[PDB]
Every structure is written in structure tokens, then in C-alpha cells.
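A.B. asks: Below you'll find protein_6.cif; it's mmCIF, C-alpha atoms and all ligand atoms.
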```cif
data_protein
loop_
_atom_site.label_atom_id
_atom_site.label_comp_id
_atom_site.auth_asym_id
_atom_site.auth_seq_id
_atom_site.Cartn_x
_atom_site.Cartn_y
_atom_site.Cartn_z
CA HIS A 4 16.75 -4.99 1.42
CA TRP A 5 15.10 -3.59 4.53
CA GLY A 6 17.06 -2.18 7.47
CA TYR A 7 17.38 0.81 9.72
CA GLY A 8 19.25 3.28 7.40
CA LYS A 9 17.94 6.40 5.67
CA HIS A 10 17.23 4.66 2.47
CA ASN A 11 15.93 1.35 3.83
CA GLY A 12 14.46 2.13 7.24
CA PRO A 13 11.01 1.86 8.78
CA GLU A 14 9.51 4.59 6.61
CA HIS A 15 10.32 2.44 3.50
CA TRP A 16 9.18 -0.95 4.71
CA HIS A 17 5.65 -0.60 3.40
CA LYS A 18 6.84 -0.86 -0.20
CA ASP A 19 7.85 -4.46 0.23
CA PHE A 20 5.57 -5.23 3.18
CA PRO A 21 2.27 -3.38 2.72
CA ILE A 22 1.03 -4.80 6.04
CA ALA A 23 3.31 -2.10 7.54
CA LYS A 24 0.27 0.21 7.22
CA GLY A 25 -2.13 -2.41 8.70
CA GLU A 26 -4.69 -2.38 11.42
CA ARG A 27 -2.65 -3.99 14.21
CA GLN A 28 0.99 -2.91 13.82
CA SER A 29 3.61 -2.76 16.55
CA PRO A 30 5.15 -1.12 18.45
CA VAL A 31 2.75 1.43 19.90
CA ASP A 32 2.84 4.20 22.47
CA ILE A 33 1.35 3.01 25.75
CA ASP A 34 -0.77 5.87 27.09
CA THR A 35 -0.87 4.87 30.74
CA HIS A 36 -3.85 6.97 31.58
CA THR A 37 -6.00 5.44 28.82
CA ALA A 38 -4.98 1.81 29.33
CA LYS A 39 -7.64 0.11 31.34
CA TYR A 40 -7.30 -2.32 34.13
CA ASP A 41 -8.83 -5.63 33.18
CA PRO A 42 -9.67 -7.63 36.33
CA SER A 43 -10.33 -10.73 34.31
CA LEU A 44 -6.70 -11.05 33.00
CA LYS A 45 -4.74 -13.78 34.84
CA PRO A 46 -1.34 -13.57 36.36
CA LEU A 47 1.20 -14.36 33.94
CA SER A 48 3.09 -17.61 34.20
CA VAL A 49 6.70 -17.43 33.04
CA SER A 50 8.15 -20.98 33.44
CA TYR A 51 11.81 -20.83 32.42
CA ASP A 52 13.41 -23.34 34.87
CA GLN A 53 13.97 -25.98 32.15
CA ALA A 54 15.09 -23.49 29.40
CA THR A 55 17.78 -24.78 27.04
CA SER A 56 19.65 -22.04 25.26
CA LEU A 57 21.66 -23.19 22.27
CA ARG A 58 23.27 -20.42 20.24
CA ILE A 59 23.63 -16.68 19.73
CA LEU A 60 23.41 -15.27 16.24
CA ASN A 61 24.05 -11.83 14.69
CA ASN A 62 21.38 -11.81 11.96
CA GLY A 63 22.25 -8.35 10.62
CA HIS A 64 19.47 -6.53 12.41
CA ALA A 65 19.91 -7.75 16.06
CA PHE A 66 21.40 -10.68 17.90
CA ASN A 67 19.15 -13.63 18.77
CA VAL A 68 19.74 -15.96 21.72
CA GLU A 69 18.09 -19.15 20.49
CA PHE A 70 16.45 -21.90 22.52
CA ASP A 71 15.48 -25.53 22.01
CA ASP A 72 11.76 -25.23 21.26
CA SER A 73 11.22 -28.91 20.36
CA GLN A 74 9.60 -29.61 23.81
CA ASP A 75 7.75 -27.48 26.46
CA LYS A 76 10.89 -26.39 28.30
CA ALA A 77 10.54 -22.61 28.66
CA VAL A 78 6.97 -21.54 28.33
CA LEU A 79 4.71 -18.58 28.78
CA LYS A 80 1.07 -19.05 29.79
CA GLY A 81 -1.66 -17.15 31.57
CA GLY A 82 -2.29 -13.46 31.39
CA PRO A 83 -4.20 -12.78 28.25
CA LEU A 84 -3.10 -16.03 26.69
CA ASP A 85 -5.07 -19.18 25.95
CA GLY A 86 -2.83 -22.18 25.84
CA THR A 87 0.96 -22.65 25.93
CA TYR A 88 3.60 -20.59 24.18
CA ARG A 89 7.21 -21.86 23.81
CA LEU A 90 10.27 -19.65 23.96
CA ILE A 91 12.15 -19.70 20.68
CA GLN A 92 14.54 -16.73 20.99
CA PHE A 93 15.14 -13.42 22.64
CA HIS A 94 16.74 -10.29 21.23
CA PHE A 95 17.00 -6.56 21.91
CA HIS A 96 16.48 -3.25 20.21
CA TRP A 97 18.68 -0.35 21.28
CA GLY A 98 19.81 3.16 20.51
CA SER A 99 22.92 5.10 19.61
CA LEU A 100 22.23 7.17 22.78
CA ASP A 101 20.67 6.40 26.09
CA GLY A 102 17.64 8.59 25.29
CA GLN A 103 16.29 6.28 22.57
CA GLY A 104 16.27 2.58 21.61
CA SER A 105 12.96 1.14 22.75
CA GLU A 106 10.20 0.25 20.33
CA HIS A 107 7.25 0.64 22.67
CA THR A 108 7.05 3.96 24.49
CA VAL A 109 5.29 4.80 27.75
CA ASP A 110 3.54 8.16 27.68
CA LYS A 111 5.89 8.95 24.77
CA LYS A 112 8.99 8.09 26.88
CA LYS A 113 11.66 6.13 25.03
CA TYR A 114 13.89 3.75 27.01
CA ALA A 115 17.53 2.96 26.15
CA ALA A 116 16.61 -0.53 24.89
CA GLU A 117 13.86 -3.16 24.81
CA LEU A 118 14.12 -6.91 25.29
CA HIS A 119 11.80 -9.18 23.33
CA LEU A 120 11.29 -12.79 24.50
CA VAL A 121 9.54 -14.45 21.57
CA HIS A 122 7.19 -17.43 22.09
CA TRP A 123 4.97 -19.40 19.72
CA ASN A 124 1.63 -21.09 20.35
CA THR A 125 2.09 -24.84 20.56
CA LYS A 127 -1.31 -25.46 18.97
CA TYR A 128 0.30 -24.53 15.62
CA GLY A 129 3.14 -26.99 15.74
CA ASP A 130 6.04 -24.78 14.59
CA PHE A 131 7.05 -21.14 14.48
CA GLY A 132 6.54 -20.80 10.76
CA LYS A 133 2.91 -21.93 10.99
CA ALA A 134 2.34 -19.83 14.13
CA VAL A 135 3.26 -16.56 12.47
CA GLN A 136 0.39 -17.09 10.00
CA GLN A 137 -2.17 -16.98 12.83
CA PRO A 138 -3.65 -14.04 14.70
CA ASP A 139 -2.78 -15.69 18.03
CA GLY A 140 0.40 -17.36 16.89
CA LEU A 141 2.99 -15.54 19.00
CA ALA A 142 3.33 -14.04 22.48
CA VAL A 143 6.16 -11.56 22.91
CA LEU A 144 7.21 -10.48 26.36
CA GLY A 145 8.67 -7.00 26.15
CA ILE A 146 10.93 -5.58 28.85
CA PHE A 147 12.32 -2.06 28.91
CA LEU A 148 15.95 -1.36 29.72
CA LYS A 149 17.16 1.81 31.43
CA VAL A 150 20.82 2.70 32.08
CA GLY A 151 21.94 2.66 35.72
CA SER A 152 23.15 -0.31 37.68
CA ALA A 153 24.43 -3.36 35.83
CA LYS A 154 22.16 -6.36 35.24
CA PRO A 155 24.25 -9.32 36.39
CA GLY A 156 22.24 -11.80 34.40
CA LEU A 157 22.96 -9.90 31.18
CA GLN A 158 26.73 -10.07 31.50
CA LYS A 159 27.17 -13.50 29.87
CA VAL A 160 25.36 -12.11 26.82
CA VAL A 161 27.50 -9.02 26.68
CA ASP A 162 30.70 -10.90 26.95
CA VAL A 163 30.04 -13.17 23.90
CA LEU A 164 29.24 -10.23 21.60
CA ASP A 165 32.84 -9.86 20.44
CA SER A 166 32.55 -13.31 18.92
CA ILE A 167 29.52 -12.37 16.84
CA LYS A 168 30.46 -8.91 15.76
CA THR A 169 29.25 -9.14 12.19
CA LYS A 170 26.22 -10.38 10.31
CA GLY A 171 26.03 -14.12 9.93
CA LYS A 172 28.30 -14.98 12.85
CA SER A 173 27.02 -17.36 15.53
CA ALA A 174 28.49 -18.82 18.69
CA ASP A 175 27.54 -21.64 21.03
CA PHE A 176 25.49 -20.22 23.89
CA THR A 177 24.39 -23.05 26.12
CA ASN A 178 23.21 -22.96 29.70
CA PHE A 179 22.03 -19.36 29.74
CA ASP A 180 19.21 -18.67 32.16
CA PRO A 181 16.73 -16.04 30.86
CA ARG A 182 15.26 -15.66 34.36
CA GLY A 183 18.16 -13.36 35.05
CA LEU A 184 16.76 -10.81 32.62
CA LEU A 185 13.38 -10.34 34.32
CA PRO A 186 12.38 -7.47 36.68
CA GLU A 187 10.81 -8.16 40.07
CA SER A 188 7.23 -7.42 39.05
CA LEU A 189 5.26 -9.09 36.30
CA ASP A 190 2.71 -6.26 36.07
CA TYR A 191 2.03 -5.65 32.38
CA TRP A 192 0.14 -4.06 29.58
CA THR A 193 -1.23 -6.15 26.72
CA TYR A 194 -2.60 -5.56 23.27
CA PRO A 195 -2.86 -7.33 19.87
CA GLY A 196 -0.11 -6.42 17.42
CA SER A 197 2.56 -7.49 15.04
CA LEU A 198 6.15 -8.44 14.49
CA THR A 199 8.21 -5.23 14.62
CA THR A 200 10.50 -6.34 11.78
CA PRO A 201 9.59 -7.47 8.27
CA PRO A 202 7.46 -9.39 7.45
CA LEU A 203 5.48 -7.38 10.10
CA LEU A 204 2.91 -10.18 10.42
CA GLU A 205 -0.11 -9.43 12.64
CA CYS A 206 0.32 -12.55 14.77
CA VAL A 207 1.46 -11.23 18.17
CA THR A 208 -0.16 -10.89 21.59
CA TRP A 209 2.14 -8.30 23.14
CA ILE A 210 2.79 -8.42 26.91
CA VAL A 211 4.89 -5.40 27.92
CA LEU A 212 6.13 -5.30 31.50
CA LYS A 213 5.70 -2.09 33.42
CA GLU A 214 8.90 -2.38 35.48
CA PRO A 215 12.15 -1.80 33.45
CA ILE A 216 15.36 -3.58 34.18
CA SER A 217 18.53 -1.58 34.79
CA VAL A 218 21.68 -2.23 32.77
CA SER A 219 24.98 -0.44 33.03
CA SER A 220 26.47 2.09 30.56
CA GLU A 221 29.21 -0.41 29.89
CA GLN A 222 26.70 -3.13 29.04
CA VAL A 223 24.81 -1.00 26.51
CA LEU A 224 28.05 0.29 25.09
CA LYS A 225 28.94 -3.29 24.16
CA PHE A 226 25.67 -3.67 22.29
CA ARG A 227 26.66 -0.60 20.29
CA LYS A 228 29.96 -2.24 19.14
CA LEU A 229 28.10 -4.82 17.08
CA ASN A 230 27.91 -4.42 13.32
CA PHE A 231 25.04 -4.55 10.86
CA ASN A 232 27.47 -5.50 8.11
CA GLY A 233 29.17 -8.79 7.33
CA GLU A 234 32.91 -9.38 7.92
CA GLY A 235 35.05 -7.66 5.34
CA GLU A 236 32.31 -5.13 4.49
CA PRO A 237 32.33 -1.43 5.47
CA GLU A 238 31.64 -1.11 9.22
CA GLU A 239 28.26 0.16 10.21
CA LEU A 240 27.54 0.02 13.88
CA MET A 241 24.42 -1.87 14.92
CA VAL A 242 22.59 0.97 16.70
CA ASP A 243 19.11 2.39 16.40
CA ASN A 244 17.62 -0.93 15.35
CA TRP A 245 14.15 0.06 16.57
CA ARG A 246 10.88 0.69 14.76
CA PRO A 247 9.02 3.79 16.03
CA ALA A 248 5.49 3.72 17.47
CA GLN A 249 2.70 2.93 14.99
CA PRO A 250 -0.93 4.06 15.07
CA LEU A 251 -3.06 2.37 17.64
CA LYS A 252 -6.14 2.28 15.39
CA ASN A 253 -8.99 0.25 16.71
CA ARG A 254 -7.20 -1.23 19.75
CA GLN A 255 -7.40 -0.92 23.46
CA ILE A 256 -4.39 -1.53 25.68
CA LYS A 257 -5.28 -3.42 28.87
CA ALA A 258 -3.43 -3.32 32.15
CA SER A 259 -2.97 -6.24 34.55
CA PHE A 260 -2.69 -3.82 37.51
CA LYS A 261 -4.44 -0.83 39.08
ZN ZN B 301 12.02 -7.33 18.63
#
```
Represent the structure from my file as C-alpha cells, please.

C.D. replies:
Amino acid sequence: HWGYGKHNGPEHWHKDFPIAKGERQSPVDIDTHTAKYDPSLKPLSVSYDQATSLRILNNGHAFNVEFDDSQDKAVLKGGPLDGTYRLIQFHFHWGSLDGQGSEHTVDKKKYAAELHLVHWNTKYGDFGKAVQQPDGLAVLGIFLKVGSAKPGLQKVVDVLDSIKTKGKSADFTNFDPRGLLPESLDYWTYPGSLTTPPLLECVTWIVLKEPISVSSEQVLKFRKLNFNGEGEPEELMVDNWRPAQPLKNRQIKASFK
């Protein structure tokens, strides 16, 4: 099945998921000089005060921190978005080395990692229906660079030993995703896709300009996870990123001058 190896990685996905070569695939390179300021975008509204985290799961390609999405508790609105989008999970993509790991790039620069906060449009009732719509999802993407530790990440890092291998989960209640956000909500936005199979073209991407800093020790713990299940040959979960895809007939808009 699909993965991030030589024989099953991004360059192979199109065989099972032909939409991999589609018109609105993600990630993309953000060419900061060609993005255009769009004065009519609104400020984003990230309303995470009532968020209810439930669980953390190693799904074999990343780890997901899952939320209760059965009410409007942690929602994204505004910006480019019409309506209300509920947080369902967040996860990261990261590298084997500090010089790669992000999915989006900025003027071809790769960050050490990228956080994706995944939200679905409440007008479609559930996640599974939302991913079949062109405006079904809103993903907030946040770059990670290595430097100072991110205090609000530490609780995530410290549970990773309990979910080392594929299929393991752990209770993960009372985690506050506000502690993963940078100071500024300045962003770029464009229409795109899921970055993992099935690669559905259902996402309004909102990529923050300001990275967060995490420590070497924090990213090193990400790199101790495994792609494999327990009792299978160990393969470190690193380099779980899809590279930049062609922009095609899209324009990236900026919320800021
Ligand atoms: Zn992702």
C-alpha cells in the first residue's frame, strides 16, 4: 500500500490515486513575490477555547491528535472561508534532518516540519461527506523550525513513547491546541487537496507565514516513532512529507502586505 518508501512513495501514488496528477494538488511552493495581497480576505478566527481533545493515534503515516467534533467546540472561520469548520484532528509531517520535513515550501525553503490542523465544513454534516466537496475542509498549516522549545508541544512529545508503532493509541484529553500557534495569524491561502491518499481536492489551505520554534530534542522524539506495527521490522517514521506539486491554474493570496 502507499507510504513514503522508495517503492511506495509519492512518485507512485498516482497508480492507485490518479487524482495525484490533478488540477488542485497539495502541497505547493509558495512564491512570496507572486502571491498577491487580497484586501477583501477577512481576519481569520481561530476559536479553540472549548476544544476537547480525546486521543492520540499512530496511524502508520503520522500521529493524529483527535478531537470531539460532534459539536462546535474548536472552530475555524473567517479568512477565505464561508461558514464554520470544526477541528477534527491535527498531525505533523517531518524530516530525517532539520533541513527538510515540510510539505509546503516558501520560496523553495523547506522547514523541519509542518503542523496540519484539519477542520471540516459543518454544512456537510460529517468528515466523510465533507471530503467529497470542493469546500469541504480547511487545513491550517504551520511551519516548524528548530531552535527554542515550544512549551505547548511538550505534552505531545512526551506521550509518543506510548504510541511508538502503527495502530497504537493513547488517551489524550485536555490538550490545548492554542499552545501550538505562532503570534501572528498572517497567512497565505489557496485551493488544494489532501496531501495523503486519497488526495481529494476538498481543501482550502491556510498556511501561516510565521513558523513556530521547536527544540532539537522535541523533533528528535518525533523521529523515534515507527511506521511499522509492533513486532515488525523497525522503520523510523521520518520523511513523511509529500513534495511540492504543480500550481497549475491557481493563485496564492496573501492576507498581509
Ligand atoms: Zn498533513

A.B. asks: Considering all atoms listed in the file, state which residue in the set A:232, A:73, A:219, A:29 is at the smallest distance from residue 169 in chain A.

C.D. replies: A:232

A.B. asks: Counting all atoms listed in the file, which of A:31, A:127, A:216, A:102 gets nearest to residue 195 in chain A?

C.D. replies: A:31

A.B. asks: I'd like to know which of A:184, A:22, A:161, A:189 is closest to residue 202 in chain A, using only C-alpha atoms.

C.D. replies: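 Distance minimum relative to residue 202 in chain A lands on A:22.
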
A.B. asks: List the neighbours of residue 181 in chain A out to 12 Å using all atoms listed in the file; skip same-chain residues closer than 6 positions along the sequence, and give me the result as an MDAnalysis selection string.

C.D. replies: chainID A and resid 49:56 68:70 77:78 90:94 118:121 144 154:160

A.B. asks: Can you find the residues with an atom no farther than 7 Å from (5.6, -4.2, 38.8), counting only C-alpha atoms, and report them as a list in words?

C.D. replies: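 Every polymer residue passing the test: residues 187, 188, 189, 190, 213 and 214 of chain A.
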
A.B. asks: Between CA of residue 8 in chain A and CA of residue 122 in chain A, what is the distance in Å, rounded to a tenth?

C.D. replies: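 Taking CA of residue 8 in chain A as the start and CA of residue 122 in chain A as the end point, the length is 28.1 Å.
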
A.B. asks: Could you tell me how far CA of residue 15 in chain A sits from CA of residue 223 in chain A, in Å to one decimal place?

C.D. replies: 27.4 Å

A.B. asks: Which value, in Å to one decimal, gives the distance between CA of residue 198 in chain A and CA of residue 230 in chain A?

C.D. replies: 22.2 Å

A.B. asks: Which residues come within 9 Å of residue 62 in chain A, counting only C-alpha atoms, excluding same-chain residues fewer than 6 positions away, as JSON, numbers by chain?

C.D. replies: {"A": [169, 170, 171, 172, 173, 231]}

A.B. asks: Show which residues sit within 8 Å of range 114-116 of chain A, as a list in words. Count only C-alpha atoms, and ignore same-chain residues fewer than 4 positions away.

C.D. replies: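 Selected residues are residues 95, 96, 97, 98, 100, 101, 102, 103, 104, 105, 106, 108, 147, 148, 149 and 150 of chain A.
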
A.B. asks: Could you put an axis-aligned box around every listed atom of range 78-93 of chain A, padded by 6 Å on each side, and send me its centre and edge lengths in Å to one decimal, as AutoDock Vina command-line options?

C.D. replies:
```
--center_x 5.0 --center_y -17.7 --center_z 26.1 --size_x 32.2 --size_y 21.9 --size_z 22.9
```

A.B. asks: Determine the nearest neighbour of residue 16 in chain A from the options A:254, A:4, A:45, A:58, counting only C-alpha atoms.

C.D. replies: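 Nearest to residue 16 in chain A: A:4.
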
A.B. asks: Restricting the calculation to all atoms listed in the file: of A:194, A:176, A:131, A:5, which residue gets closest to residue 18 in chain A?

C.D. replies: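 Of A:194, A:176, A:131, A:5, the one nearest residue 18 in chain A, counting all atoms listed in the file, is A:5.
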
A.B. asks: May I ask which of the residues A:25, A:235, A:30, A:86 is the closest one to ligand ZN 301 (chain B), counting all atoms listed in the file?

C.D. replies: A:30
